[PDB]
Each structure stands twice: as structure tokens, then as C-alpha cells.
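Residue-level listing of the chains:
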Amino acid sequence: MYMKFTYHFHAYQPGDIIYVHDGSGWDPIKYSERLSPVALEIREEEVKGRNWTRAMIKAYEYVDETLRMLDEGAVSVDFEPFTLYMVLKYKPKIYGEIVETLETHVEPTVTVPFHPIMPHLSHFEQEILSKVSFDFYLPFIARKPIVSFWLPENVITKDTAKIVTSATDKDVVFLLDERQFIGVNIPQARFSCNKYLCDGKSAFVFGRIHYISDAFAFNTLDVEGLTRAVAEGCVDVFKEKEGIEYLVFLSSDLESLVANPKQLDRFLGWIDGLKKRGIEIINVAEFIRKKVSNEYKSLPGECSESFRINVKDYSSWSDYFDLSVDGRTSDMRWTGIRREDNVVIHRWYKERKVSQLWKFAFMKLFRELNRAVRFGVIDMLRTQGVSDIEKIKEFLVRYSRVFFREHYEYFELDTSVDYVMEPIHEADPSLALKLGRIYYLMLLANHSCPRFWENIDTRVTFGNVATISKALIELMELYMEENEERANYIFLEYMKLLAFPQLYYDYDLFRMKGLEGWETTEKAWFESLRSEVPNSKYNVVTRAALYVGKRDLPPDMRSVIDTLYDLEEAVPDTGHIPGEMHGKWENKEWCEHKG
Amino acid sequence: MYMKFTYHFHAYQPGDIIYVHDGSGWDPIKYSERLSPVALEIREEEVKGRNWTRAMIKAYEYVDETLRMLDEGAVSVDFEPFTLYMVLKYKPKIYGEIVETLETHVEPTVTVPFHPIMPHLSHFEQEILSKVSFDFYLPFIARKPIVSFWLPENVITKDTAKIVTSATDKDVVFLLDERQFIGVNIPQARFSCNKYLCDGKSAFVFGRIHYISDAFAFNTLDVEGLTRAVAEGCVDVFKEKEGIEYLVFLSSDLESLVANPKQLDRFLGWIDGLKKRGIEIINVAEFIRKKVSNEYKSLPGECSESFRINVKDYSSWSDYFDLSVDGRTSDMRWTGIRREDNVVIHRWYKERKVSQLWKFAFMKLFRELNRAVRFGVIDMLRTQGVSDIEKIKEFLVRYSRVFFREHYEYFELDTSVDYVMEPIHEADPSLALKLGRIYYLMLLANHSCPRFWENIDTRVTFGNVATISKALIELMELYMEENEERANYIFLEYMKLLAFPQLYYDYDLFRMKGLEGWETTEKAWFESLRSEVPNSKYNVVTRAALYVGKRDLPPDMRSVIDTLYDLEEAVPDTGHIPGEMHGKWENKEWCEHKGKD
């Protein structure tokens with residue numbers, strides 16, 4: 001057949017950080033992890049971990065073996081930077097295996113550090129993260145004029161795509177979901193080499209087919225069904241006649257390969273079924289490369305700027321599709337708001353409807369914390385005689401060489417303090433590097449993960465709050481040790497975490513309208529914040545901020561948190577993430593932490 | 001397989017009327033037809049006619065014989081009313097065969113008389129046409145609780161859907177194109193039993209797949225490719241495993257079955273290929289019934305108001321899709337205007353670009369002519385004591401029993417003067433039936449066809465203009481008899497046809513913006529109107545208006561057109577319709593009229 005097939009896998013772990021350790025900012029961070037032992041059955045071995053992250057990192061090895069039995073160039077994979085780094089730290093053997101496969105076996109896809117929803121961040125943060133993305137990926141993509149790029153949850157806007165495409169010289173292939181396409185209908189645009197103007201540059205774009213991808217990832221069709229859905233269901237009889245190559249592109253989380261013990265074999269059988277149909281397995285980049293080179297015949301204008309299609313701003317690959325009013329996706333899952341009619345939605349959780357209003361407040365609050373930290377860094381670097389915001393940007397980007405040091409060392413890329421400090425050479429590296437650290441903690445705290453789920457009380461929400469609490473307190477203490485009034489500006493931000501439930505009033509959330517009519521009510525808000533653990537009456541946000549504050553806060557204010565908060569309920573116990581329920585937890589009733 | 005398949009065919013001929021004969025209005029119209037010999041090749045046989053209409057009517061017999069080869073209930077068919085009427089008059093044996101097939105063998109689909117773009121007419125005209133559609137189809141649908149309905153070019157708006165559904169007590173199924181669906185993506189809605197809210201009531205809707213339908217109709221895939229596109233390309237792997245029936249619905253003009261000599265056998269071979277793949281062939285209405293009856297298994301909510309989808313207002317099945325900016329169809333083909341950015345488009349014709357601005361002017365002018373006729377009818381009936389607009393509407397609907405008399409009489413339905421005059425029985429029937437004739441000539445003049453093509457100079461544009469000219473001159477003359485000043489209100493309307501090119505200025509078309517930037521210039525307008533025939537220097541609108549006027553105008557007015565125009569240049573010759581070029585024409589350079597008899 002002339003049909004081409006490929007899969008993309010997205011690999012990411014938010015990690016199990018519950019407390020970041022004090023540090024100088026000259027080295028990668030050190031931290032304590034959650035102890036909530038868990039196992040994943042893979043075919044016929046149970047893979048055990050002290051927590052979800054470590055179990056998964058072990059599991060990545062079974063996955064890499066499977067990927068190794070596929071042909072060269074067949075699929076593409078992106079690893080979130082910190083996730084790949086954590087593998088190097090915890091299982092350096094697997095890092096070497098994974099790294100070899102990305103150099104030689106699968107096409108490597110660039111992605112963003114810390115997996116935030118990019119359009120939910122300021123342009124400043126997005127620019128840093130975009131440049132770091134390409135920097136971190138340099139050993140895999142150095143001599144490639146075309147590279148695929150993975151936006152977290154595929155949540156894209158025109159502004160975000162521009163930032164990304166500007167952060168590189170190469171040609172960018174955005175991997176998206178076909179439900180994000182607009183200005184063309186699905187069968188019209190399907191399987192062709194489309195492009196997408198990113199206002200100045202243009203990117204290639206491929207959109208996955210959600211229903212077949214999920215049919216694999218969630219085991220709803222057997223191998224025969226998956227093979228037929230592709231080989232028959234996706235056939236372009238005209239292109240088969242004209243002898244024109246077209247690409248059927250699917251995508252899932254890499255962790256879908258261990259969602260049940262049979263997934264690795266299922267995937268191998270599927271790919272085998274397709275090859276037997278005469279379908280060549282070939283990655284999105286090598287597909288385009290083979291088009292432009294005219295090794296593959298094209299339609300007139302294919303892979304060009306006449307084959308430009310549009311993409312809906314704020315569309316995604318994983319939104320609540322049952323609430324879509326245009327047959328496309330949006331970002332309502334992470335904001336809690338449907339944009340088309342500007343209402344606040346609710347979702348089911350453990351037999352009750354829960355307002356998703358908390359996600360909006362969470363997102364909004366973090367925009368403010370993010371800016372408080374960014375302006376802190378800029379203000380303090382100014383005192384050191386650094387006035388050029390562009391030099392500060394370059395510095396914050398180069399600081400990746402510190403944060404992910406060993407990764408870069410593995411490839412003999414410069415990790416020298418002299419490199420990192422060059423754009424801001426007039427500053428005390430001791431102060432500058434602590435600021436770089438505080439900035440990267442803020443970044444780390446912007447994981448999209450907490451707002452993916454229906455309820456707020458999860459281990460990932462705790463981790464975000466604990467990480468930003470670390471950053472804020474350290475920034476606050478820098479201002480204190482300099483005898484500045486700005487120390488309180490930062491303490492005010494920290495206080496917004498402790499008193500998180502007050503934000504319903506401070507944010508005028510009552511003015512907003514619920515989908516059904518009750519989702520922006522007082523009680524809707526307060527119900528949604530109830531603790532999901534036995535041993536804490538505090539909401540998860542207050543919990544994590546107290547948990548970190550009680551160990552890092554100056555004794556005097558450390559006192560008021562004791563006067564107003566019962567500290568004994570400041571522990572890392574959270575509710576469970578519904579998507580992780582297939583795991584074998586020692587404690588299934590809530591996400592535990594042990595002594 | 002759980003996949004079901006069906007095809008819908010739409011049959012329509014605009015006719016070859018070049019001059020309607022004078023008549024009282026008590027009987028169906030009589031007319032002179034174009035003489036332009038042409039033949040169609042069907043398998044190894046040549047089918048010859050004195051004009052395209054007559055050639056195609058003979059061809060319909062071959063099509064019917066082929067439909068009879070299909071299994072019962074496999075496909076659905078609509079015949080536009082006047083088309084079926086012309087078959088009846090010319091070849092009653094062929095009409096007999098077709099109506100037998102519509103009664104028993106294929107699902108009959110209701111459609112509108114005279115094939116106008118319905119959302120391009122006023123609500124009043126749409127209301128009359130909608131009611132007539134269901135009356136004309138009474139012999140085929142009387143016992144049916146659910147009926148399918150074919151809007152011309154599938155051009156629909158919510159308002160038009162409301163008019164149609166309000167005109168019957170039956171549940172309606174609208175047959176549309178999947179590129180018309182909105183608020184859902186194409187794969188998301190595909191092949192399920194969906195509904196559509198048209199305000200007071202809801203209708204079922206099914207959307208055809210144009211690329212497969214056209215692969216058959218225009219012979220771009222062989223039978224094996226067509227079979228594969230359906231059996232493989234349309235498979236729903238999930239519904240196959242769940243045992244849930246779904247319908248792959250395709251549609252084309254019935255005339256696609258004679259678009260080349262092998263079409264009939266290709267179609268039969270395709271159906272055979274699908275049946276051998278385990279795919280049952282079942283018409284849309286029967287498919288719905290089986291879902292509703294639970295003979296078929298359904299998704300939760302299927303075939304109910306829970307499965308509502310939206311349709312884009314002014315979308316169609318046949319728009320210039322290469323100019324679409326939203327991935328859906330629209331009505332720019334017939335208006336000349338792309339709605340999304342409000343620009344006047346151009347198309348290629350004979351390897352030069354031609355502005356479509358003329359289509360907007362033609363459409364706008366006809367809206368005005370339509371109202372002049374309707375208000376003239378209402379005004380003259382007012383002078384007869386008829387003041388209730390609802391009684392006038394009832395009369396105009398019943399007048400279809402005069403206009404299509406032989407059809408209703410074939411089915412033993414009352415066409416008597418007493419039946420038709422019942423709602424306005426205080427009026428003089430000599431005047432009322434003349435007004436009914438005038439109103440129906442106006443309706444007949446609203447064929448969508450002229451605006452389908454890229455070039456104005458075609459036999460269908462000539463026909464629309466000649467037909468409306470007949471109506472206007474007759475209405476004018478009725479007012480003259482009353483010694484009315486209103487006679488010149490109607491002469492003004494006819495003058496707008498004669499002086500059609502002046503409408504560029506009078507309609508302020510210079511204010512409109514061209515897609516490329518030239519389409520709304522004076523040069524673009526005038527070039528678009530140039531005659532395509534060497535025996536007339538006048539644009540086709542003026543040409544037809546003169547052709548009728550030189551026969552029908554009172555002597556003083558005839559002397560005026562005789563002085564301003566060369567009446568020897570008022571002939572029915574026009575340019576050819578691009579879609580008819582597959583015919584074997586005696587004159588293939590332009591559409592002739594042999595005028596010796």
C-alpha cells in the first residue's frame with residue numbers, strides 16, 4: 001500500500017518530590033521523595049518501586065526493549081527533560097539504553113521541561129522553556145534541519161507556536177490531535193503533509209486520530225480491530241490509485257505501553273499486522289523528509305505553504321470532549337471553563353459532581369506567583385549591575401546546564417560556571433546562581449498534572465505547591481538577608497497559598513456562571529476543597545505550604561502558621577490520582593507517605 | 001457486516017421552453033421548445049432527442065430498467081415535479097414505468113417544484129412551493145409517517161427547514177451533504193441516526209460523502225475502488241464489534257447514471273460488490289424505521305432529540321469547495337459571493353477568469369421580480385373581494401392542480417375549477433386562474449440552474465428570463481385592462497431585464513470587493529455579459545427579454561424595443577452548459593435553435 005503509519009509516544013513523570021533540600025544553586029537540586037510503594041504488572045513480572053516514579057523508570061526498560069524490536073525510524077518519542085534526567089539519576093543503565101535508542105532507533109521529539117500548559121504561562125516563562133527545550137535536546141537533534149515538537153497536552157495557541165518556532169532555526173513539526181484542526185474538515189486534511197503558519201515562520205503539522213490511539217492505549221479493541229481500523233478504516237483509495245504516500249499518525253503516552261501487562265505484545269502484534277498489509281512504518285519527520293526529497297510522490301503543493309491549514313487556539317489532545325460544542329477540543333479540562341459559552345463546568349468524582357472552579361483559581365494564582373518570582377530575579381540581578389533583560393534571559397536559559405548537569409556532561413556539553421555566567425558576568429555567581437535555582441523551582445512547580453484530574457487533592461498538586469513554596473521562601477529570605485521591604489511582598493504571595501480558599505472571594509469567582517448554574521456558588525467551591533485524606537482537615541494547598549513552611553520559614557512567622565494552623569496535619573498525604581488506580585498500591589485508599 | 005449502505009438519486013430537467021404560448025390560465029401551459037438535436041450514448045445504444053430534455057426523458061427509461069434490477073427498497077429517488085410532468089406529456093409509457101417504481105420499488109423522496117435555491121426565495125414563495133411539494137407527492141407518500149425530502153442543491157437554512165417541516169404532519173428526513181454539518185466533526189457524527197432542530201419540530205438528517213459519490217458520478221474510480229472506498233474506507237470497527245447498524249449514505253444526480261455509457265453497469269457492479277462483502281442495501285427511511293423499531297441495535301439516544309446535530313445555514317452539496325475557508329460548503333456558487341470574507345469570486349470559463357458578480361445581480365433582480373408578481377396577484381385579488389392572505393395562499397397551492405393537471409388526474413385526484421377556486425370562490429375565475437398562471441410562470445422562472453454555471457450565457461438563463469418575461473407582460477396587460485397606472489410599475493420590472501447591464505450601476509455593485517481585486521470593476525461586469533453566440537450582439541438576459549417582447553408586447557411598446565434594439569438579434573441561441581458537453585450535439589459550438597417550421 002501507499003499508506004504510511006507511525007506512532008508517537010510521550011514520556012513524562014511529574015516525580016515524587018515532597019520536599020526540596022536547601023542548596024546553593026550551584027548544583028542540580030536534591031530532594032526527598034514520597035514513600036508510597038507500588039507495583040506494575042508487565043506481562044509476567046511485577047515491577048516494584050518505592051513510589052510511582054521509580055516503578056515507572058524501571059518500567060521504561062521493558063518499554064525500551066520493545067521499542068528496540070521495531071524497525072529503525074518507525075516511531076517517534078519525546079522524553080520530558082526532567083523525566084529523562086531522573087532516569088539518569090536513579091537508573092543510569094536505562095538512561096544509556098534510552099539515550100542510544102533516541103540517537104539511532106526512534107526519531108527524537110523535542111519537548112518542554114516540567115510539562116506546563118504553555119498557553120497558561122506568561123510569554124517570558126514560555127520563551128525560557130522553549131529555548132531550554134532545544135538546548136536540552138541538542139545531543140539528539142544537533143544536525144537535523146527538521147524536528148518534531150511536543151507541546152504538553154498538545155495545548156497550543158498561535159502566540160505559543162510563534163515563541164516555540166522562534167526559539168529554533170530548524171523546521172518544526174508540531175504533533176497535535178486532528179480535533180484541533182480548523183479551516184479544513186477532517187477527511188479533507190487527513191494524512192497529508194500539512195503546514196501551519198506560525199506568523200513569520202511556518203511549521204509542519206500532524207494531527208493524531210484520538211479514537212484509534214485510545215483504542216490501543218486503553219485496550220478497547222484487540223489487535224485485529226486496531227489493524228482493521230487503520231488498514232481499512234483509514235484507506236485513501238484515491239491516493240492508492242495515484243500512488244501518493246499518505247501518513248496515518250497516532251499518538252499516546254509512552255506509559256500506555258504498560259497500562260496493562262499485554263500492551264507491549266499488543267503493540268508489537270499491531271505493527272506486525274500492518275506491515276503484513278503492506279503498510280510501511282515510518283516516523284513523521286522521515287515521512288516529511290521523504291516527501292520534500294521527492295522520494296515519495298506528492299499532491300501538487302504538498303508539504304508547502306499552499307498546504308497550510310489552521311489550528312484552533314487553546315485546543316488540546318485530551319480535553320473533556322463530551323462537553324465540546326464545536327466538535328473540536330479546548331483547554332476547559334485545565335481551566336475549568338468552557339470558552340465557547342464562558343461557563344464553569346463540573347465533573348464526576350467518586351459518585352458526586354465536583355465544580356472545576358478550583359483549577360481556574362489555581363492557574364490564576366500561579367500566574368501571580370510566577371511573576372512574583374520572575375520580577376524578584378530581575379530586581380535582584382539589577383542590584384548586581386545587570387540591566388539587560390535579554391542577558392538575564394540567556395542566563396536563565398544557560399542555567400539548564402546547572403539544573404540538568406549530568407545529562408549535559410554525558411554528552412560533553414559545557415556545564416562550566418563560566419559558561420552559565422557569561423551573559424551576566426558582572427554579578428556575584430553566588431547570588432546569581434541562587435536566583436537561577438529559585439527560578440527553576442518556580443518552573444518545576446508549574447506541572448500541568450494537578451489540573452488534569454477531577455479533584456484537587458492529589459500527590460501532584462501537593463508537589464507543585466511544595467516546590468513553589470520552596471522557591472518563595474528562599475526568595476523571601478534573600479530579601480530579608482539584604483534587609484529589604486520586598487521580603488513581605490514575597491511573604492504575601494506565600495500567604496495566598498496558605499489561605500488558598502480565600503481566593504474564591506478575592507478573585508470575584510461568584511461573578512462567573514456555572515454550566516448548570518451551581519458550579520460558581522460558595523458551597524460548590526468549598527466542597528471541592530475538602531481534604532481527601534484521613535489525617536488532615538486542611539485542603540491540599542494549605543497542607544503542602546505548611547509542610548514546607550514548618551521546615552524553612554523563619555521562626556517568627558513560622559510561629560503564626562502554628563498559631564493559626566494545627567501543624568500536625570501538615571503531612572504529604574493526598575488523595576489518589578484516578579489514572580494511577582491500575583497500579584498495585586500498598587495503600588489504595590489514599591496516596592500515602594510512610595515513615 | 002453491520003454497515004448498511006444506500007444511494008439517493010435526484011432527477012431534474014429545467015426543460016427546453018423558449019416561448020410560452022398565450023393562454024387563459026384554465027389549463028396547463030403550452031409552449032414552443034428549443035430545436036437543438038442531441039444524443040446520449042447508453043451502453044451500445046444511441047438515444048436521440050430534438051433537444052436535451054427530450055433526449056434525457058428517453059434516457060430515463062434506461063435508468064428505470066436499471067433501478068428495477070436492484071432489490072426492493074435499496075435506494076431512494078426524487079423527481080422534480082415539472083420534470084416528471086414533462087415525462088408524462090412526452091412519453092407517458094416512461095412516466096408509467098417510473099411511477100410504478102416510485103410506488104413499490106424505490107423509496108420516493110419529496111422535492112420542490114422548479115428547483116429554486118429555497119433560501120434565495122422569500123418566505124411566501126417558499127411556503128407555496130413547500131405545500132405544493134407534498135401535494136404533488138400525495139400519490140407516493142399518502143400512507144407514510146416518515147418521508148425524505150430533497151432541497152435543491154441541498155441548500156438549507158434553519159428558516160427554510162422550518163417552512164418545509166411546517167408544511168406536512170409527517171416526520172421529515174433531510175438528505176444533505178456531510179460537509180454541511182457543524183458543532184460536531186465529520187467522523188464524530190458519521191453514519192449514525194442524527195436529528196436536526198428546525199424550531200417547532202425536528203427532522204432526521206443524513207449527510208452524503210461527496211468524494212465517493214462523485215467518484216461514481218464522474219467515473220474517477222473503477223468498481224473495485226468504489227467497493228473498497230465504502231466497505232473498507234467507511235468501516236466503523238467499534239460498531240462492527242458492538243453489533244450496531246450504521247448507514248453509509250451516498251447521493252448523486254439520477255442523470256449521473258447516463259453521464260457515460262458504462263455508468264448503469266458500473267452502478268450494478270458496485271452494489272453487487274458491496275452485497276458480497278456482507279453489506280445490506282437499505283434506503284434511508286427504512287433504516288430509520290428499523291432503528292426506531294429496535295430491529296436494529298442503537299447507540300444510547302440514537303434516532304432521538306438526544307442525537308441532534310447542527311447544519312450550517314446556506315451550506316449545500318455542490319458549492320465551489322476549493323474556495324471554502326471553513327472546510328464546509330456554502331452558497332457562493334449561486335450568489336457569486338463568499339460569505340466569510342464578503343468578496344465577489346471568479347471562476348474559469350474557456351481558459352479566462354470570469355467574475356461571478358452577474359449571479360448576485362441576477363439573484364437580486366429575481367427577488368424583486370418575484371415580489372412584483374406576488375404583490376400584483378394579491379392586489380388584483382383584493383379587487384375581487386379577496387382580502388385574506390391565507391385564502392390566497394391556499395388558492396395558489398391548489399392551482400398546482402391546474403398547472404400539473406395531467407399528473408393529478410393520472411392519480412384520480414380532483415383538479416376541477418370548483419376545487420381550485422374553493423378558497424377564493426367570491427373571485428371571478430377568469431381573472432383568478434390567469435393570476436394563478438402568472439404566479440406559476442414566475443415560480444417556473446426561478447430555476448437555480450443558470451447560477452450553477454460559471455458563464456451567464458446558457459439555455460437555462462435564457463429560459464428563466466423568457467419565462468419571467470411572459471409573466472410580467474401578462475400581468476402588465478391585466479393592469480392595462482383596468483386602465484391602471486400600475487401597468488407601468490410592471491413595465492419597469494420588465495425594463496430591468498431588457499436593460500440588465502445597467503444594474504451594475506443601479507445596484508451599486510462597484511461598492512463590492514473582489515476576491516482577487518478586479519471582480520467588481522465595470523470591465524469585469526461587462527466582459528461577463530458578452531454574447532457567446534455570433535448571431536446575437538446582446539447579452540443573454542436582454543436577448544430573451546427581447547425574444548418574448550417582440551412577440552407579446554402591445555404595439556406601442558413593441559415599436560420602442562424595435563427602435564432601441566435590432567430585433568433580428570433576439571434569438572434563442574446561447575452558449576453551451578459545460579455539464580452537457582458529454583452529449584453528442586448537432587451543433588457542439590453553441591446551443592442552437594433551428595427555426596424552420
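The deposited coordinates for this entry were obtained by X-ray crystallography, with a reported resolution of 1.800 Å.

Chain B appears in the PDB entry as GLYCOSYL HYDROLASE/DEACETYLASE FAMILY PROTEIN from Pyrococcus sp. st04.

The PDB entry lists chain A under the name GLYCOSYL HYDROLASE/DEACETYLASE FAMILY PROTEIN, with Pyrococcus sp. st04 given as the organism.

In this section: the environment of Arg54(A). All names here are of chain A. With respect to the helices and strands, the residue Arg-54 is situated in helix α1 (residues 52–68). Residue classification places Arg-54 among the partly exposed positions, given a relative accessible area of 22%. Note: C-alpha distance between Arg-54 and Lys-364 (310 residues apart in sequence) is 32 Å. Ignoring anything within four residues of it in the chain, the contact list for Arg-54 reads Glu-33, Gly-49 and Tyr-90.

Another point: the state of the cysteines. Residues and elements named next belong to chain A. Considering all chains together, one arrives at two disulfides over all chains under this definition. Shown here is the disulfide that connects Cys-193 with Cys-303, its sulfur atoms set 2.0 Å apart. Note on the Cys-193 and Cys-303 pair: the S-S dihedral is about 105°, so by sign convention the disulfide is right-handed. Highlighted residues: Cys-193 in the loop between α7 (186–189) and β12 (194–198) and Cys-303 in the loop between α12 (284–292) and β16 (310–311), separated in sequence by 110 residues. This pair shows no difference in class: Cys-193 is buried, exactly as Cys-303 is.

Let us look at the interface of chain B and chain A. Contacts between the two partners involve 28 residues from chain B, matched on the other side by 29 residues from chain A. On the chain B side of the contact with chain A, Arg228(B), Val237(B) and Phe238(B) bury the most area, a combined 24% of that side's loss. At the boundary of chain B with chain A, the tally comes to one salt bridge. One salt bridge connects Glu224(A) with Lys241(B), and the closest N-O pair in it is separated by 3.1 Å. Counting the contacts that link chain B with chain A gives three residue pairs in polar contact. Breaking the side of chain B that touches chain A down by element, the ones donating at least two residues are α7 (186–189), α8 (210–217), α9 (223–231) and α10 (237–242) of chain B. Top element by residues in the side of chain B that touches chain A is α10(B). It accounts for four residues.

A word on the nonpolar core. In a soluble, globular protein the nonpolar side chains are often hidden away together inside. Core analysis: the biggest nonpolar cluster contains 369 residues, and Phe5(A), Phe82(A), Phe174(A), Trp270(A), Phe5(B), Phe174(B) and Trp270(B) have the highest contact counts within it. Among the elements that take part in this core, helix α14 (residues 357–382) of chain B stands out by supplying 14 residues, more than any other. Other than its neighbours up to four places away in sequence, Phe174(A) contacts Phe149(A), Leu151(A), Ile156(A), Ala161(A), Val164(A), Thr165(A), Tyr196(A), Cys198(A), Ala203(A), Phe204(A), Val205(A) and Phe206(A).

Residues and elements named next belong to chain A. Looking at chain A, the domain boundaries give domain 1 (2–14 + 57–331) and domain 2 (15–55 + 333–595). Each of domain 1 and domain 2 was reduced to a C-alpha centroid, and the two centroids are 28 Å apart. Contacts between domain 1 and domain 2 engage 59 residues on the former and 65 residues on the latter. At the boundary of domain 1 with domain 2, total buried surface from both sides reaches about 5,700 Å², with 60% on carbon and sulfur atoms. Ranking the residues of domain 1 by area buried against domain 2 places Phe-114, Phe-124 and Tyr-320 at the top, with a combined share of 14%. Connecting domain 1 to domain 2 are seven salt bridges. Put simply, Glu-340 and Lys-312 hold a salt bridge, and the shortest N to O gap is 3.2 Å. For the interface between domain 1 and domain 2, the tally reads 39 residue pairs in polar contact. Counting residues per element, the ones that place at least two in the side of domain 1 that touches domain 2 are α1, α2 (81–90), α3 (92–104), α4 (123–136), α5 (138–141) and α11 (263–276). The element that contributes the greatest number of residues to the side of domain 1 that touches domain 2 is α4, accounting for nine residues. Looking at the side of domain 1 that touches domain 2 residue by residue, the classes come out as 36 nonpolar, ten polar and 13 charged.

What counts, and where the lines are drawn
- Residues numbered from 1 in each chain as written, not as in the entry; some residues may be left out.
- Chains lettered and ligands numbered in written order.
- Part of a larger assembly, values for the part shown.
- Heavy atoms only, no water.
- Helix = DSSP H or I, 4+ residues; strand = E, 2+ residues; numbered from the N terminus.
- Buried < 20%, exposed > 50% of the residue type's maximum accessible area, 1.4 Å probe, protein only.
- Contact = heavy atoms within 4.5 Å.
- Disulfide = S-S within 2.5 Å.
- Buried area = accessible area lost by both parts, 1.4 Å probe.
- Salt bridge = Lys/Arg side-chain N within 4 Å of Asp/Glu carboxyl O.
- Polar contact = N/O pair within 3.5 Å; in protein donor to acceptor, adjacent residues only side chain to side chain.
- Core = buried A, V, L, I, M, F, W, Y, C linked by side-chain atoms within 4.5 Å.
- Domains from an automatic or database assignment.
- Nonpolar A, V, L, I, M, F, W, Y, C, P; charged D, E, K, R; others polar.

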